[PDB]
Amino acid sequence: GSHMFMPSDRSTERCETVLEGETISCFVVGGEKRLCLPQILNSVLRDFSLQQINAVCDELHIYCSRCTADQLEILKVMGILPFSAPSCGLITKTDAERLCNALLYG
């Protein structure tokens, strides 16, 4: 058992937010919505190269976190990711908005 060692709460539900016209699934962590990165890359930023996206993320000091086992499962149950997805990155709402703004406009 891990509970006796005082583990932190895990994600138990998902939510969503609208990013540049697309509804993206998220998990609230630390008071901020964390957006499913693959979903963004496959929709709002579908026509941008991963090289450019990555380059701009670095310039904006955007850190992409990794889905916990619980978050990965929830996204799969929601049909957002295939059941065979090995992992999934997350990006904060603020970071995602700035990234899309930098790429889509100006």
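Residue indices: 1-based, along the sequence shown.
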| property | result |
| --- | --- |
| Residue range whose averaged C-alpha B-factor is higher in the record, 28-36 or 58-66 | 58-66 |
| Which of 6-14 and 94-102 has higher mean CA B factor, as the PDB entry lists it | 6-14 |
| B-factor third for the C-alpha atom of residue 44 within its chain | middle |
| Where the record places residue 82 (Cα B-factor, split into thirds across the chain) | middle |
